[PDB]
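The block underneath contains the structure these notes are about, expressed in structure tokens.
We number each residue from 1, following the sequence as shown.
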Amino acid sequence: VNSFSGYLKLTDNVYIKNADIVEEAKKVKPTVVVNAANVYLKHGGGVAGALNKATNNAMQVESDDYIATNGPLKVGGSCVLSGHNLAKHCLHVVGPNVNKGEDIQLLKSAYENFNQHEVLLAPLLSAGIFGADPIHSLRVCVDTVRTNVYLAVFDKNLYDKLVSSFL
Ligand SMILES: Nc1ncnc2c1ncn2[C@@H]1O[C@H](COP(=O)(O)OP(=O)(O)OC[C@H]2O[C@H](O)[C@H](O)[C@@H]2O)[C@@H](O)[C@H]1O
């Protein structure tokens, strides 16, 4: 049992809140926080940059070692690394960068990684700088993830639209 509070129920297993994922992670200290990564684990902005800053760059230092050993992730792929001061683990998941021509269908493959974890605190993959339509990302999440996922949506206007949309 985690201390997640104030979430709206979307389905049996998907919950959503208008909150900063960093704030939620700091408060709840979940087993798994999801990062919306790129294949190089270069955590520059959005969720990745905010999570990394909250770890005082430890996430990036660890990611540099991961890449030196293993090479880049696949689009739609993932790896499990430490959650540092935020969570037990961080699941780094790469959604497609639709703005750079990558196939939106890989967003389903990306969300499938969530099924390897019983409970996750997560963002909407690909819905920010990667350019996927946010409601599409939410619908893929709902239709793909079967484990318990707590979605933190930073943007208030976006949240209000998402929770008023069919799934
Ligand atoms: N602190 C936050 N808390 C919750 N949601 C957030 C936060 N910041 C952004 N969002 C929302 O989270 C959603 C995802 O936005 P993005 O983080 O861009 O992820 P992507 O998968 O599209 O792009 C991946 C790149 O982003 C990084 O640069 C990586 O290093 C990658 O190169 C949007 O709805 C945001 O409003």
Side-chain angles (χ1 to χ4, degrees), residues 10 14 16-25 30 32-55 57-84 86-87 89-117 120-147 149-159 161-163 165 167:
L10 297 184
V14 180
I16 194 163
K17 186 180 182 180
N18 181 198
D20 182 346
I21 199 171
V22 172
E23 175 273 330
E24 288 294 300
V32 179
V33 65
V34 175
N35 183 30
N38 59 64
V39 295
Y40 300 109
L41 303 178
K42 193 173 185 312
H43 305 307
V47 169
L51 291 172
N52 179 56
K53 183 173 177 181
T55 75
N57 209 49
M59 177 176 285
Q60 189 64 68
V61 171
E62 179 192 26
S63 293
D64 291 347
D65 174 76
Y66 175 90
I67 295 290
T69 298
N70 299 292
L73 298 179
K74 307 176 153 145
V75 180
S78 69
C79 65
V80 179
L81 291 173
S82 178
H84 301 276
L86 302 176
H89 305 288
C90 178
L91 179 68
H92 296 271
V93 181
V94 182
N97 186 353
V98 172
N99 285 332
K100 293 287 185 159
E102 298 180 353
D103 180 5
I104 186 61
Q105 294 177 121
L106 292 168
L107 188 57
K108 189 170 183 75
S109 306
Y111 278 114
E112 286 171 343
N113 296 296
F114 289 29
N115 290 323
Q116 300 297 318
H117 304 279
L120 314 90
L121 171 62
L124 290 174
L125 300 175
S126 296
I129 200 166
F130 276 3
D133 193 12
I135 186 59
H136 180 62
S137 183
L138 178 59
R139 288 174 178 152
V140 177
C141 180
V142 162
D143 292 342
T144 305
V145 182
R146 297 177 301 282
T147 55
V149 57
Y150 290 83
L151 294 168
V153 174
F154 181 89
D155 187 294
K156 172 170 175 323
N157 290 327
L158 177 58
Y159 175 90
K161 179 184 220 211
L162 293 172
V163 303
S165 298
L167 294 171

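Around the CZ atom of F154, the shell of radius 6.0 Å holds no more than 12 heavy atoms that belong to other residues, nucleotides or ligands. Counting non-hydrogen atoms of neighbouring residues, nucleotides and ligands closer than 6.0 angstrom, the CD atom of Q116 reaches no more than 12 such neighbours.
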*Would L138 and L10 count as a side-chain contact (heavy atoms from CB on, under 4.5 Å) if you check the C-alpha gap in whole Å, the side-chain angles of each, and the deciding distance to 0.1 Å?*
CA-CA 10 Å; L138 178 59; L10 297 184; 3.7 Å; yes

*Should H92 and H43 be marked as a ring-ring contact (aromatic ring centres under 6.0 Å, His included) after you check the CA-CA gap, both sets of side-chain angles, and the distance that decides it?*
CA-CA 10 Å; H92 296 271; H43 305 307; 5.1 Å; yes

*Might you work through the side-chain contact (heavy atoms from CB on, under 4.5 Å) test for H84 and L86, ending with a clear yes or no?*
CA-CA 6 Å; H84 301 276; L86 302 176; 5.6 Å; no

_Criterion side-chain contact (heavy atoms from CB on, under 4.5 Å) on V93 and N35, from CA distance to verdict_ = CA-CA 6 Å; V93 181; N35 183 30; over 6 Å; no

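With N57 contributing its side chain and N52 its backbone, the two residues share no donor-acceptor pair below 3.5 Å. For the pair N115 (side chain) and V145 (backbone), a donor-acceptor distance under 3.5 Å is absent. Side-chain atoms of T144 do not come within 3.5 Å of backbone N or O of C141 as any donor-acceptor pair. Within the 3.5 Å criterion, the main-chain N or O of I129 finds a donor-acceptor partner in the side chain of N99. For the pair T55 (side chain) and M59 (backbone), a donor-acceptor distance under 3.5 Å is present.
The shortest non-hydrogen separation linking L120 to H117 is CD1-O, 3.6 Å. Closest heavy-atom contact between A37 and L41: CB-CD2, 3.9 Å. Minimum interatomic distance between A36 and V47 (heavy atoms only, all atoms of both residues): N-CG1, 4.1 Å. In terms of heavy atoms, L158 sits closest to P134 at CD1-CB, 3.6 Å. Minimum interatomic distance between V94 and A110 (heavy atoms only, all atoms of both residues): O-CB, 3.7 Å. Looking at every heavy atom in both residues, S165 comes nearest to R139 through CB-NH2, 4.2 Å.
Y159 is linked by a ring-ring contact (aromatic ring centres under 6.0 Å, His included) to nothing, counting only residues two or more places apart in sequence or in another chain.
Expressed to the nearest 0.5 Å, how far NZ of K161 lies from NZ of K156 amounts to 14.0 Å. Here the CD1 atom belonging to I135 is positioned 6.0 Å from the CG atom belonging to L167, to the nearest 0.5 angstrom. Residue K17 holds its NZ atom at 5.5 Å from CD of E23, rounded to the nearest 0.5 Å.
Side-chain contact between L125 and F114 is present, with at least one heavy-atom pair separated by less than 4.5 Å. Side chains of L73 and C79 form a contact here, defined as non-hydrogen atoms less than 4.5 Å apart. Looking only at side-chain heavy atoms (C-beta outward), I16 and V153 come within less than 4.5 Å of each other. Contact annotation: the side chain of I104 approaches that of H136 to within less than 4.5 Å [non-hydrogen atoms, C-beta and beyond]. Inter-residue side-chain proximity for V34 and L121 is flagged as unmet; no heavy-atom pair is nearer than 4.5 Å. Residues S137 and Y111 form a side-chain contact, since some pair of their non-hydrogen atoms from C-beta on lies under 4.5 Å apart. For the pair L107 and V98, the minimum side-chain heavy-atom distance is 4.5 Å or more. Using a 4.5 Å cut-off on side-chain heavy atoms (C-beta onward), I21 and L151 make no contact.
Under 3.5 Å, the side chains of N97 and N38 contain no donor-acceptor pair of N or O atoms. Side-chain N/O atoms of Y40 and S63 include no donor and acceptor closer than 3.5 Å.
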